[PDB]
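Shown below, as C-alpha cells, is a lone chain in the form deposited in one PDB entry; questions about how it binds or moves come after it.
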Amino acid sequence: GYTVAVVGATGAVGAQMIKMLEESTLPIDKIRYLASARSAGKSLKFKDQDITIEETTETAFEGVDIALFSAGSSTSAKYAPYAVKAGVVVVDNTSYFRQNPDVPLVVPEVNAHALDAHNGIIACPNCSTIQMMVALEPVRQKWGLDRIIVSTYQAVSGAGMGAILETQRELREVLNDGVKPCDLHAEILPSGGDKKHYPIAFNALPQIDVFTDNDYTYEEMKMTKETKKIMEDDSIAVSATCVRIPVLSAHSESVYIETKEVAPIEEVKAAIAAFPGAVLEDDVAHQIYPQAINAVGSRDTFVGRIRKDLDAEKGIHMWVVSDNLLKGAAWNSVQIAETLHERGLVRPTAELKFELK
C-alpha cells in the first residue's frame, strides 16, 4: 500500500480530496494531512480514524509515496519541489506547474498517456478546463476542433472556503435583514489577490483571477493555454469569458465550437454519450439538460443543449456542467493517482527538474 499525503486537507478542495480518497481504489497503508501551522495539532477524520494535521514544511514528506496538493499555487511552489526531491510523486491542483514542459497536464480520459513521462509532478488543470475537455475530446477525435469560444458560469467554491462563507453571509444579509445588494461589504470576491472586492449576492462578476496584460483574466488565459497543452494542438483557437455567479458548487459553461469537418449533430450526441466521464443529458422535448444543482456530488460531466449554429456549417453550441470540486479538482486528482498506480508510475524520479525555493 502507499503512504498518501493531502496538502491543504482543511480547505474546500481538501475536504473533497479526503472523500475521494476514502472512496478510492488506491491501496492506502497510511494517510497524512498537511496544512498551515494554524491547523497543525488539530484533528480530522479519515473514515473512522482521527488524523492529526501537520504543518507543511520542507521536511514533511519523508516516507510519503504520493502527495496531493491543494493549498494554493504559492504552497505548491514552496514545497512540491522538496516532496519530489524526497521521492514523492506529486499530483498538483494549482496553476503553478501546469505550463512547465517537464510536467504532464492531465485529464485521464483525454491524455492519460502523458503520465508515462512524468518527472515527479503531475498537474491537474483548472476546474473549468477539465469539464470542457471531457465534453469536447470525443468531438475532436472524430471531427477535429478548429476553435472554441466559451462563456462560463462559475460557482464560488472554486475560490475557497472563505468565498463560500462570504456568499452565504451576503445572501442572508439581503434575504433575512433587508440589506440592499449594492450596500453589501465584501472582502474576498472576485479575487482574494486583487485590490477591490465586490458583492456576489444577486450579481454576476465578469472577473475570475487577476487581469493579465492582454485584458483577459488569468482564468480566461488558463482555459486557452491549458486547452492547447491537453489536446496537444497549439492550432486550436480558444477565447473565453469567465464569470462568477451566485452558485456554491458546480460550474456551467456555454460552449461554442467549430469542428474541422461537419459533424452530424446526432452523432456528436452519440460520441459524447459514448465517452467515459461524459453523460449525455439532452432531451429538450422533456426539458432535459444539465443543471448545476443536480451535478453536485457526482464525478460525471454532463452535456446537453447540443445543437448546430444557425449559420456556421461547422458550428455547434452546447451546455456543460460538472461539480467543480470533484471532476474539477479532487476527483481528477485522485483519478490521476489511481491511474499512476494502475500503470506502475508511482516511484521516485531519477533526476530533480524543479527549482528549490
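Just count from 1 along the sequence shown to find any residue number. Think of the rigid core as the biggest set of C-alphas that the two forms share within 1.5 Å after superposition.
For the pair 300-308 and 35-43, the mean B factor over Cα atoms is greater in 35-43.
As listed in the deposited structure, the average C-alpha B-factor of 191-199 and of 241-249 is greater for 191-199. Among 120, 125, 264, 104, the highest C-alpha B-factor recorded in the PDB entry belongs to 264. Highest CA B-factor among 151, 73, 207, 227, as stated in the entry: 73. When the CA B factors of the chain's modelled residues are split into thirds, the value for residue 335 lands in the lowest one. When the modelled residues of the chain are ordered by their C-alpha B factor, residue 65 lands in the middle third. Sort the chain's modelled residues by C-alpha temperature factor and residue 90 lands in the lowest third, per the entry.
Compared with the other modelled residues of the chain, the Cα B-factor recorded for residue 56 ranks in the middle third.
The entry lists a Cα temperature factor for residue 109 that places it in the middle third of the chain's modelled residues.
The form deposited in another entry is left out here; the points below concern that form.
Relative to the superposed core, residue 12 undergoes a Cα shift of 2 Å or more between this form and the one not shown.
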